[PDB]
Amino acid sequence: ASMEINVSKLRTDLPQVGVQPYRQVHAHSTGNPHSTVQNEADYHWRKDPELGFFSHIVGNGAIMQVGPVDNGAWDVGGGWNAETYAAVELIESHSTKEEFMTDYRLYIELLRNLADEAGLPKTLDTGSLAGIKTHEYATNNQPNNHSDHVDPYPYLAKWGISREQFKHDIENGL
């Protein structure tokens, strides 16, 4: 396998959203300034799924698979919930640029790997249905939208990753 992924807190009780095929991988960040990857995985395990759910969390040098892939998700707050092959959240609790970069590198590699696994383009926020899409892009473009979320762009910017850099990294790898 390409990457070490901890599946110990993979929920087995989440609903399917839509039907196959799922044409998108979604890039998110948690919005939580303090939670670790384990805090997030623990909360995700116990939370009411109606409050939203996802497939992977990246943080503290680890990747935890917390929900199923290839099954849809309640991750983007609109019609593209039914296109979610995977939904990857980056933690927001980094104290240093070094900590951020350790996780950012895992995030890029994972997003690209999931797109490959799904047979989807390694492109970011394009006008095609298929590919990797940010929550911001889904908010701005999905049908039946009920979201205002713009992750992961504000958090990436906090630690010096621009819109253009994120696109370059997704499309080329690191």
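Start at 1 with the first residue shown and count on from there.
Asks: Looking at the deposited entry, does 77-85 or 90-98 carry the larger mean Cα B-factor?
Replies: For C-alpha atoms only, the mean B-factor is higher in 90-98.
Asks: Higher mean Cα B-factor in the deposited model: 46-54 or 66-74?
Replies: Averaged over C-alpha atoms, the B-factors run higher in 46-54.
Asks: Hey, what third does residue 105 fall into on Cα B-factor, ranked over its chain?
Replies: Tercile = middle for this residue's CA B-factor.
Asks: Give the position of residue 136 by CA B-factor within its chain, expressed as the lowest, middle or highest third.
Replies: Answer is lowest: the recorded C-alpha B-factor places it there.
Asks: Please rank the C-alpha B-factors of the chain's modelled residues and tell me whether residue 22 sits in the lowest, middle or highest third.
Replies: Middle third, going by the recorded CA B-factors of the chain.
Asks: Report the third (lowest, middle or highest) to which the CA temperature factor of residue 59 belongs, ranking only the modelled residues of the same chain.
Replies: It belongs to the lowest third of the chain when residues are ordered by C-alpha B-factor.
Asks: Quick check for you: using the entry's CA B-factors within this chain, is residue 150 in the lowest, middle or highest third?
Replies: Its C-alpha B-factor, which the entry lists for residue 150, ranks in the lowest third among residues of this chain.
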